[PDB]
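Colleague: The structure that follows is given in the form of structure tokens.
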Amino acid sequence: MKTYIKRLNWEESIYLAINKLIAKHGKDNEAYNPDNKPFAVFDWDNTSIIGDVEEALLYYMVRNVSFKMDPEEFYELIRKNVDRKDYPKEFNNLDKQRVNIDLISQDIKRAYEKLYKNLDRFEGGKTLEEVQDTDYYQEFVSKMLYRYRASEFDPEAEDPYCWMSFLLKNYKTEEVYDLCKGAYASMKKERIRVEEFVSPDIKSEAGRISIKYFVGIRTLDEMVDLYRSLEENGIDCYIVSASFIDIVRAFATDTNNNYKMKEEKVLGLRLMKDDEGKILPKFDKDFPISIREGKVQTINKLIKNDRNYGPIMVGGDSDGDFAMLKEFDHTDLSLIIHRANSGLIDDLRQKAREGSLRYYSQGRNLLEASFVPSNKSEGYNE
């Protein structure tokens with residue numbers, strides 16, 4: 001019984017299943033054929049890592065005002081594809097009034113205008129630190145994180161999406177890598193925590209809001225080891241993420257993040273570019289959208305070919321991964337990180353907790369940024 005991965009904090013039964021998988025499908029097996037190479041597929045956020053690359057990047061870009069837009073442009077961007085209906089009651093302002101994108105976008109614009117007027121990086125002469133004590137800075141940060149937590153995409157929009165990657169408008173890909181290189185080095189240093197942000201006592205359209213936001217991102221020793229071990233045994237290890245491809249590639253291929261994956265093995269959401277290669281807040285319809293059933297389309301069209309088979313193992317953590325976790329008969333092992341989330345994914349967790357030989361739950365301790373050797377997670381979880 002040869003072992004191919006380090007034990008670390010894997011749940012025992014998964015640990016055994018992974019070794020059986022690599023012995024069966026890996027280069028050590030007499031049936032191995034390099035002309036019919038096996039592959040596996042994993043989600044990135046909260047699966048391969050603790051945290052979420054877009055969640056972490058949003059926090060960074062907001063705090064550092066890392067945007068390549070003028071105020072009017074910025075106002076139009078943050079409203080793009082957002083449903084105009086009032087936000088759910090749990091997001092009411094401190095005065096118990098309803099809030100919506102019209103009100104919050106005006107407030108953010110007024111704040112951004114002051115940032116644009118004062119910051120060295122824009123039209124002013126002040127450093128970031130020199131504005132961080134200001135009401136407008138406090139307002140921009142709190143209301144931005146609020147708007148990205150509270151908003152829902154308009155079901156009639158061409159792209160069903162109003163999330164953070166649009167904030168990269170006007171960036172070229174190389175500028176995204178540059179941004180991320182610095183963003184992730186800093187975010188990996190952040191104490192893992194849920195932080196609360198409250199907007200200042202000033203006059204505004206939306207009034208005062210407060211928002212809680214998860215701050216933290218960390219690599220996982222078990223996933224670094226697993227991905228490395230798969231490749232070393234002749235099993236390709238692909239990432240299929242709903243995050244913007246430039247962002248996830250920047251993180252996964254970064255030399256400081258341990259995984260050191262090759263960009264061709266990392267797939268995500270595709271945004272269109274103009275002729276100069278500047279990013280546009282618009283999906284590139286030439287590719288499948290890599291979420292839910294779209295992850296299966298991505299595997300079927302962009303990964304599978306005549307020289308491979310799989311996925312022999314799939315890893316995921318949320319409803320977005322449900323389709324790919326159950327789709328393929330070739331999948332021997334469907335690994336589900338045990339988050340405090342529910343819905344479609346609970347169907348597969350039920351199979352796992354009822355003794356499935358395919359679906360397995362792996363526990364984590366979120367605030368400790370670690371796996372735990374159990375199928376159940378421990379401590380605060382999201």
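By convention here, the chains of the structure tokens are called A, B, ... in the order presented, each chain's residues are numbered starting at 1, and ligands are numbered starting at 1 in the order presented.
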Mind checking which residues fall within 9 Å of residue 234 (chain A), counting only C-alpha atoms, ignoring those fewer than 4 positions away in the same chain, and posting them as a ChimeraX atom specification?

Modeller: /A:25-28,32,34,37-39,229-230

Colleague: The selected residues should be written to file as a CSV table (one decimal), in the first residue's frame (atoms: N, CA and C atoms).

Modeller:
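Okay, out.csv is ready:
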chain,number,residue,atom,x,y,z
A,25,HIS,N,-4.9,5.1,-11.4
A,25,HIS,CA,-4.9,5.9,-12.6
A,25,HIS,C,-3.5,6.5,-12.9
A,26,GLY,N,-2.6,6.4,-12.0
A,26,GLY,CA,-1.3,7.1,-12.1
A,26,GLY,C,-0.3,6.2,-12.9
A,27,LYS,N,0.9,6.8,-13.1
A,27,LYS,CA,1.9,6.2,-13.9
A,27,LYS,C,2.4,4.9,-13.4
A,28,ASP,N,2.2,4.6,-12.1
A,28,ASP,CA,2.7,3.3,-11.5
A,28,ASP,C,1.9,2.1,-12.0
A,32,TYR,N,-1.4,2.2,-17.4
A,32,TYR,CA,-1.2,3.6,-17.8
A,32,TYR,C,-0.8,3.8,-19.2
A,34,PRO,N,0.2,7.1,-21.8
A,34,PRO,CA,0.4,8.5,-21.9
A,34,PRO,C,-0.4,9.1,-23.1
A,37,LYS,N,-4.2,10.1,-21.3
A,37,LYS,CA,-3.8,10.6,-20.0
A,37,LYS,C,-5.0,11.0,-19.2
A,38,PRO,N,-5.0,10.6,-17.9
A,38,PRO,CA,-6.1,11.0,-17.0
A,38,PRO,C,-5.9,12.4,-16.5
A,39,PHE,N,-7.1,13.1,-16.3
A,39,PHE,CA,-7.0,14.4,-15.6
A,39,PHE,C,-8.1,14.5,-14.5
A,229,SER,N,1.4,16.1,-6.4
A,229,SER,CA,1.4,14.7,-6.5
A,229,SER,C,0.7,14.1,-7.7
A,230,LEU,N,-0.5,14.7,-8.0
A,230,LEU,CA,-1.2,14.2,-9.2
A,230,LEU,C,-0.3,14.4,-10.4

Colleague: Residues within 9 Å of residue 318 (chain A), please, as a PyMOL selection string. Count only C-alpha atoms; anything in the same chain fewer than 6 positions from it doesn't count.

Modeller: chain A and resi 46-47+336-339+341-346

Colleague: Please list as a list in words every residue within 9 Å of residue 362 (chain A), counting only C-alpha atoms and excluding residues in the same chain fewer than 4 positions away.

Modeller: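 In the requested form, the answer reads residues 10, 11, 14, 335, 336, 337, 338, 371, 372, 373, 374, 375, 376 and 377 of chain A.
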
Colleague: Can you list every residue in region 180-369 of chain A that DSSP puts in strand (DSSP E or B), as a VMD selection string?

Modeller: chain A and resid 193 to 198 210 to 215 218 to 219 236 to 244 266 to 269 271 to 273 279 to 283 308 to 309 313 to 316 333 to 337 359 to 362 364 to 365

Colleague: Distance CA of residue 31 (chain A)-CA of residue 309 (chain A), one decimal place?

Modeller: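 Going from CA of residue 31 (chain A) over to CA of residue 309 (chain A), I get 13.5 Å.
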
Colleague: Report the closest atom pair, with its distance in Å rounded to one decimal, for each residue of region 136-179 of chain A that has an atom no farther than 9 Å from region 211-226 of chain A; count only C-alpha atoms, sort by chain and then rising residue number, and write it as CSV.

Modeller:
residue,atom,partner,partner_atom,distance
A:142,CA,A:211,CA,7.0
A:143,CA,A:211,CA,8.2
A:145,CA,A:211,CA,7.1
A:146,CA,A:211,CA,5.6
A:149,CA,A:211,CA,8.1

Colleague: Using only C-alpha atoms, pick whichever of A:50, A:17, A:119, A:176 has the shortest atom-to-atom distance to residue 312 (chain A).

Modeller: A:17
